[PDB]
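Below sits a lone chain in structure tokens, taken as the form deposited in one PDB entry.
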């Protein structure tokens, strides 16, 4: 169980709202000592911020692994000549950061990895017997966004989990897509979010294999239109049979209307949804699933021999979760006027011990014992042991969004008690000291 004394940590709280922050998540990430801008759209993750980033990453990896995807890692830099194979090199646009090395070879900072994962696959896989195959990584990307804005939510250097599926045909690809559909429901639910799968912009094919998972938010950059029954639907549990038929889960989550502004058609919204169920708002895109078929396998000649002995190009899909963007989206969805309210699964620490009389022998000893006992038992524990008054300590503890606070003072200890406070709702309970660790 991770453990830190605030005095041996690095957590620079800002007293004042930063004028450069336009939205609440950006404001709070800066105020709560989580983030520092290094260039437009390019950030250092300060210790508290990095802890959350890592919690998010691990939840994503866990669900990808559950769904059968296999983790690897591609480099940040890629050869232009690879992108020339697919014809994306000259068609991608100015968001692609192009680089020349000392030998004048043409490189780029990868904005995504379709060509590269296809290059890897086609080196090693030649039989339909290796498929379905889903390979993924969690890696830093760069898109040279014209106007970086909104802190971690519209920047340039961002962290993404990007997964790529390989199948013999469209039928198998739909099964691979369904696996990721289910994994994403579970991923965002585990973060305390209702990220709704919404039908999204398709490619030149058309079809129905394009969804964006969007958390409803009014500072959000995506316009959306939904049927409110979608917000009530049940998320599959951890025993979901990923080798089985997933269609019933998908049917459930798509049986009721949900579309982004790209594929939204005002006349359909009415023939399906009751007027009292209809809602038109805005949101943050945190996940994207997309079938692309033979887009890369045709141009890059990524073929496998089929059950019938003929070679044919594979069918692929891509699945992205914006891991660094999620820090912003989560704060947008989970805060109040006193600061952040971390869902437990993503919080940097689960409990903070607040010593209300720093230097008094009895309160110090009590906090020292709690801190030691909580860590011994696997609990992520922050000990606020700074030379600050109680009210100073409450405000910082509230701001940074730690799920639980333990208040320790001379007053409470005279009676053998400490106060336990829940951040989400302000529940408070004056407990015996010997009971508090049995949570």
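Numbering follows the first chain given and starts at 1.
Keep in mind that the form deposited with a small molecule bound is not shown, yet the notes after this line are about it.
Notebook entry, point to check: Is residue 158 close enough to touch the small molecule in the deposited complex, meaning at least one heavy atom pair within 4.5 Å?
Noted result: Close contact exists here: in the deposited complex, residue 158 approaches the small molecule to within 4.5 Å, heavy atoms only.
Notebook entry, point to check: Wondering, does residue 313 line up within 4.5 Å of the small molecule in the deposited complex on heavy atoms?
Noted result: Although the small molecule is absent here, residue 313 would stay clear of it in the deposited complex, with no heavy atoms inside 4.5 Å.
Check: Going by a heavy atom distance of 4.5 Å, is residue 286 a contact of the small molecule in the deposited complex?
Finding: Yes, residue 286 lies within 4.5 Å of the small molecule in the deposited complex.
Next item on the list: Indicate whether residue 107 is a 4.5 Å heavy atom neighbour of the small molecule in the deposited complex.
Entry: Judged by the heavy-atom cut-off of 4.5 Å, residue 107 is well away from the small molecule in the deposited complex.
Checklist line | Option from 341 to 349, 268 to 276, 226 to 234, 288 to 296 whose residues, in the deposited complex, bring a heavy atom within 4.5 Å of the small molecule | finding: Selected stretch: 288 to 296.
Item checked: The single option of 325, 186, 174, 122 touching the small molecule in the deposited complex, heavy atom within 4.5 Å -> None of the other options qualify; the answer is 325.
Margin query: Looking at 362, 334, 205, 74 here, can you tell me which has any non-hydrogen atom within 4.5 angstroms of the small molecule in the deposited complex?
Written below: The residue in contact is 205.
Check: Looking at the small molecule in the deposited complex, is some heavy atom of each of 154, 164 and 320 within 4.5 Å of it?
Finding: Yes, the whole candidate spot contacts the small molecule.
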